[PDB]
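Asker: Sharing a structure with you now.
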Amino acid sequence: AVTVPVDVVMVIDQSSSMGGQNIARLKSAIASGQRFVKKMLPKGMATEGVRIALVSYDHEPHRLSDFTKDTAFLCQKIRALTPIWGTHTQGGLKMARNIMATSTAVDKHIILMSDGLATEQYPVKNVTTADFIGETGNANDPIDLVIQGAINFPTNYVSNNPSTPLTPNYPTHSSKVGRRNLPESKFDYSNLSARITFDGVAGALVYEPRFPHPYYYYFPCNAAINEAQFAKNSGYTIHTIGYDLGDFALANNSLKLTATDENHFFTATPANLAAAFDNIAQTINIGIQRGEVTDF
Ligand SMILES: [Ca+2]
Ligand SMILES: [Ca+2]
């Protein structure tokens, strides 16, 4: 029985939302993460053809392991996941692209798991108003949803810092938000811990105070979809778990679009997360089968 080599990068959001009152989220993430590792590396170091790498992220990404068959090392890093402020989903994906760049596996998969909106992203170089876009007219688009939400709850969505007298302009239906189809050349990747801020803070929308009416906002959910697209263009399959998103359309739809397609997007709760990782492992393992060697 022949299988092609496969390399998997796990990218796990460890934002503050995973802990505190919500600690069931972290605990199930840790249980299911280890379950997935064991399922994919059943022989440990002797598992032919399979390797797993691990990224966690909060306001910055963390390389927890390069590609490895070392079940114990991976499981120890998963058990050490820690809720920390910030959701730099673009950064997690960017570090996954860095790691996958060295792969010569035939099959190349990224698993992204996040329980919230992205609120951090990398700076845009030589930024102009053309790097932003307005309402699409598709009410399910992350663009239209974030604009509508920020109209309903301006200080929840838009970067603002009450400890200073500085103040953003808040959006209307005419406002423009970060695109999700910028070229890779547009992002400053010189520092994977960097984030765009206004008045010292980030957010679901980050005000670009240099630009005029109708007002312009970086949109980290769109930046994350943009980064996912670079990975898919490189040939990597993305499976995304929208984790405990509680029927919040912006969070659901923003994460759905990072996946290879809608069939690679899973809506999970802590209670049923293991079933999503089981299905992803099954899909990966079905995909690598190349039959038997029976030349004669
Ligand atoms: Ca979160
Ligand atoms: Ca302020």
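As shown in the structure tokens, the chain order sets the letters A, B, ...; within each chain, residues go from 1, and ligands are also counted from 1 in the order they appear.
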May I have the residues within 8 Å of residue 133 of chain A as a PDB file with C-alpha atoms, in the first residue's frame, using only C-alpha atoms and disregarding those fewer than 5 positions away in the same chain?
Answerer:
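Below is the file result_8.pdb, written as the result:
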```pdb
ATOM      1  CA  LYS A 176     -13.688  51.723   2.983  1.00  0.00           C
ATOM      2  CA  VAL A 177     -11.964  48.759   4.605  1.00  0.00           C
ATOM      3  CA  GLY A 178      -8.864  46.779   3.868  1.00  0.00           C
ATOM      4  CA  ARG A 179      -8.964  44.627   0.761  1.00  0.00           C
TER       5      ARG A 179
END
```
Asker: Find the residues around residue 117 of chain A up to 8 Å (only C-alpha atoms counted), leave out those fewer than 2 positions away in its own chain, and share them as a VMD selection string.
Answerer: chain A and resid 87 115 119 204 221 250 to 251 254
Asker: Could those selected residues go to a file with N, CA, C and O atoms, as a CSV table (one decimal), in the first residue's frame?
Answerer:
```csv
chain,number,residue,atom,x,y,z
A,87,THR,N,-5.4,38.7,18.3
A,87,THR,CA,-5.7,37.7,17.2
A,87,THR,C,-5.1,38.1,15.9
A,87,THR,O,-5.7,38.7,15.0
A,115,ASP,N,-11.1,31.0,17.2
A,115,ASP,CA,-12.4,31.2,17.9
A,115,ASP,C,-12.8,32.7,17.9
A,115,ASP,O,-13.6,33.1,18.7
A,119,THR,N,-7.9,40.6,14.8
A,119,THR,CA,-7.8,42.0,15.3
A,119,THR,C,-6.4,42.6,15.1
A,119,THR,O,-6.2,43.7,15.5
A,204,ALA,N,-11.0,45.0,15.3
A,204,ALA,CA,-11.6,44.4,14.1
A,204,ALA,C,-11.5,45.3,12.9
A,204,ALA,O,-11.3,44.9,11.8
A,221,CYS,N,-9.5,40.7,9.4
A,221,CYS,CA,-10.1,39.5,8.9
A,221,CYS,C,-9.8,39.4,7.4
A,221,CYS,O,-9.6,38.3,6.9
A,250,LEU,N,-20.0,37.5,10.9
A,250,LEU,CA,-18.7,38.0,10.4
A,250,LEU,C,-17.5,37.1,10.7
A,250,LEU,O,-16.6,36.9,9.9
A,251,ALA,N,-17.5,36.5,11.9
A,251,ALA,CA,-16.5,35.6,12.4
A,251,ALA,C,-16.5,34.3,11.5
A,251,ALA,O,-15.5,33.8,11.0
A,254,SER,N,-15.7,35.1,7.7
A,254,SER,CA,-14.3,35.5,7.6
A,254,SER,C,-13.4,34.3,7.6
A,254,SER,O,-12.4,34.2,6.9
```
Asker: Could you give me the residues within segment 90-250 of chain A that DSSP places in strand (DSSP E), as number ranges by chain?
Answerer: A: 107-114, 132-133, 176-178, 206-207, 216-218, 237-243
Asker: Taking N, CA, C and O atoms for each residue, export the selection above as a tab-separated table (two decimals), in the first residue's frame.
Answerer:
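Result written to selection16.tsv:
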```tsv
chain	number	residue	atom	x	y	z
A	107	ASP	N	1.98	16.17	-0.54
A	107	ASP	CA	0.74	16.72	-0.01
A	107	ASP	C	1.10	17.70	1.10
A	107	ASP	O	1.93	17.40	1.94
A	108	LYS	N	0.46	18.86	1.08
A	108	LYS	CA	0.86	19.97	1.93
A	108	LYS	C	-0.44	20.57	2.46
A	108	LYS	O	-1.25	21.05	1.68
A	109	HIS	N	-0.61	20.52	3.79
A	109	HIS	CA	-1.85	20.94	4.42
A	109	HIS	C	-1.58	21.88	5.57
A	109	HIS	O	-0.67	21.65	6.37
A	110	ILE	N	-2.44	22.89	5.68
A	110	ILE	CA	-2.47	23.78	6.83
A	110	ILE	C	-3.82	23.61	7.52
A	110	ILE	O	-4.86	23.56	6.86
A	111	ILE	N	-3.81	23.50	8.84
A	111	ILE	CA	-5.03	23.47	9.62
A	111	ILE	C	-5.03	24.73	10.46
A	111	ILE	O	-4.16	24.91	11.33
A	112	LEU	N	-5.99	25.60	10.20
A	112	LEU	CA	-6.17	26.83	10.95
A	112	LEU	C	-7.37	26.67	11.87
A	112	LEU	O	-8.46	26.31	11.44
A	113	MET	N	-7.18	26.99	13.14
A	113	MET	CA	-8.26	26.97	14.10
A	113	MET	C	-8.28	28.31	14.81
A	113	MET	O	-7.24	28.73	15.34
A	114	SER	N	-9.43	28.97	14.82
A	114	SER	CA	-9.60	30.26	15.48
A	114	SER	C	-11.01	30.38	16.06
A	114	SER	O	-11.98	29.92	15.45
A	132	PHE	N	-8.02	49.72	-0.20
A	132	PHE	CA	-9.24	49.58	0.58
A	132	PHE	C	-10.40	49.47	-0.40
A	132	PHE	O	-10.26	49.76	-1.60
A	133	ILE	N	-11.55	49.03	0.11
A	133	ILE	CA	-12.72	48.75	-0.71
A	133	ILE	C	-13.96	48.98	0.15
A	133	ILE	O	-13.95	48.79	1.37
A	176	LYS	N	-14.48	52.70	3.72
A	176	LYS	CA	-13.69	51.72	2.98
A	176	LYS	C	-12.84	50.92	3.96
A	176	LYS	O	-12.27	51.46	4.91
A	177	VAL	N	-12.72	49.62	3.71
A	177	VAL	CA	-11.96	48.76	4.61
A	177	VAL	C	-10.92	48.02	3.80
A	177	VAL	O	-11.00	47.92	2.57
A	178	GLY	N	-9.93	47.50	4.51
A	178	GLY	CA	-8.86	46.78	3.87
A	178	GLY	C	-9.34	45.70	2.92
A	178	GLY	O	-10.25	44.92	3.23
A	206	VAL	N	-9.06	48.92	12.06
A	206	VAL	CA	-8.03	49.81	12.58
A	206	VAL	C	-8.02	51.07	11.71
A	206	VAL	O	-7.74	51.00	10.51
A	207	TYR	N	-8.33	52.19	12.33
A	207	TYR	CA	-8.45	53.45	11.61
A	207	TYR	C	-7.10	53.88	11.02
A	207	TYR	O	-6.06	53.78	11.67
A	216	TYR	N	-11.13	55.26	6.16
A	216	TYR	CA	-10.41	54.08	5.74
A	216	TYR	C	-9.93	53.33	6.98
A	216	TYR	O	-9.43	53.94	7.93
A	217	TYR	N	-10.08	52.01	6.95
A	217	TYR	CA	-9.83	51.15	8.09
A	217	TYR	C	-9.15	49.87	7.62
A	217	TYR	O	-9.69	49.18	6.76
A	218	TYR	N	-8.00	49.54	8.20
A	218	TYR	CA	-7.48	48.19	8.02
A	218	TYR	C	-8.46	47.19	8.60
A	218	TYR	O	-9.09	47.44	9.63
A	237	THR	N	-3.22	23.10	0.86
A	237	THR	CA	-4.63	22.91	1.20
A	237	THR	C	-4.84	23.49	2.59
A	237	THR	O	-4.05	23.22	3.50
A	238	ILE	N	-5.89	24.29	2.75
A	238	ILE	CA	-6.21	24.89	4.04
A	238	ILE	C	-7.53	24.33	4.53
A	238	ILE	O	-8.58	24.44	3.87
A	239	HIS	N	-7.49	23.74	5.73
A	239	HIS	CA	-8.67	23.31	6.46
A	239	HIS	C	-8.84	24.29	7.61
A	239	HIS	O	-7.89	24.51	8.36
A	240	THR	N	-10.03	24.86	7.76
A	240	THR	CA	-10.23	25.86	8.80
A	240	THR	C	-11.35	25.42	9.73
A	240	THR	O	-12.43	25.04	9.28
A	241	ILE	N	-11.09	25.53	11.02
A	241	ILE	CA	-12.08	25.27	12.06
A	241	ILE	C	-12.48	26.61	12.65
A	241	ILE	O	-11.67	27.27	13.32
A	242	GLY	N	-13.72	27.03	12.38
A	242	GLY	CA	-14.34	28.13	13.08
A	242	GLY	C	-14.81	27.65	14.44
A	242	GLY	O	-15.81	26.93	14.53
A	243	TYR	N	-14.14	28.06	15.50
A	243	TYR	CA	-14.30	27.44	16.83
A	243	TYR	C	-15.17	28.27	17.76
A	243	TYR	O	-14.81	29.38	18.14
```
Asker: Write out as a ChimeraX atom specification each polymer residue (protein, DNA or RNA) that has an atom no more than 6 Å from ligand 1, with only C-alpha atoms and all ligand atoms counted.
Answerer: /A:15,17,115-116
Asker: So that I can check the surroundings of residue 166 of chain A, please list as a list in words every protein, DNA and RNA residue that reaches within 12 Å of it, counting only C-alpha atoms and ignoring chain neighbours fewer than 2 positions away.
Answerer: residues 159, 160, 161, 162, 163, 164, 168, 169, 198, 199, 200, 201, 207 and 209 of chain A
Asker: For a quick check of understanding, using only C-alpha atoms and all ligand atoms, which of A:24, A:158, A:64, A:54 has the smallest distance to ligand 2?
Answerer: A:158
Asker: For segment 141-147 of chain A, please output as number ranges by chain all residues within 7 Å (counting only C-alpha atoms; exclusion window: fewer than 3 positions along the same chain).
Answerer: A: 135-136, 138, 150-151, 173, 177, 250, 253-254
Asker: Between A:294, A:2, A:155, A:273, single out the one closest to ligand 2, counting only C-alpha atoms and all ligand atoms.
Answerer: A:155
Asker: List every residue of segment 200-262 of chain A that DSSP, applied to the backbone, labels as alpha helix (DSSP H), and write the result as a short mmCIF file (atom, residue, chain, number, x, y, z; two decimals) with C-alpha atoms, in the first residue's frame.
Answerer:
```cif
data_model
loop_
_atom_site.label_atom_id
_atom_site.label_comp_id
_atom_site.auth_asym_id
_atom_site.auth_seq_id
_atom_site.Cartn_x
_atom_site.Cartn_y
_atom_site.Cartn_z
CA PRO A 220 -7.53 42.15 9.78
CA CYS A 221 -10.12 39.48 8.87
CA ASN A 222 -9.59 40.43 5.23
CA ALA A 223 -5.81 40.54 5.72
CA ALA A 224 -6.04 36.98 7.03
CA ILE A 225 -8.02 35.81 3.98
CA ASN A 226 -5.42 37.61 1.82
CA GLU A 227 -2.60 35.68 3.54
CA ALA A 228 -4.51 32.41 3.20
CA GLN A 229 -4.72 33.07 -0.51
CA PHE A 230 -0.93 33.25 -0.84
CA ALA A 231 -0.73 29.82 0.81
CA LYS A 232 -3.39 28.35 -1.48
CA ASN A 233 -1.64 29.81 -4.53
CA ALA A 249 -21.75 35.80 10.74
CA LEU A 250 -18.69 38.04 10.43
CA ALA A 251 -16.48 35.60 12.35
CA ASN A 252 -17.93 32.54 10.62
CA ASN A 253 -17.74 33.94 7.09
CA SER A 254 -14.30 35.49 7.55
CA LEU A 255 -12.85 32.14 8.64
CA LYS A 256 -14.82 30.19 6.03
#
```
Asker: Choose the residue, out of A:203, A:171, A:165, A:246, that has the smallest atom-to-atom separation from ligand 2; count only C-alpha atoms and all ligand atoms.
Answerer: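 Checking each of A:203, A:171, A:165, A:246 against ligand 2, counting only C-alpha atoms and all ligand atoms, the winner is A:165.
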Asker: I'd like the interatomic distance between atom CA of residue 152 of chain A and atom CA of residue 21 of chain A, to a tenth of an Å.
Answerer: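 We find that atom CA of residue 152 of chain A and atom CA of residue 21 of chain A lie 25.9 Å from each other.
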Asker: Rounded to one decimal in Å, what is the spacing between atom CA of residue 248 of chain A and atom CA of residue 148 of chain A?
Answerer: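 Calculated distance between atom CA of residue 248 of chain A and atom CA of residue 148 of chain A is 12.8 Å.
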Asker: Which distance in Å separates atom CA of residue 139 of chain A and atom CA of residue 266 of chain A, to one decimal?
Answerer: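 Separation between atom CA of residue 139 of chain A and atom CA of residue 266 of chain A: 21.2 Å.
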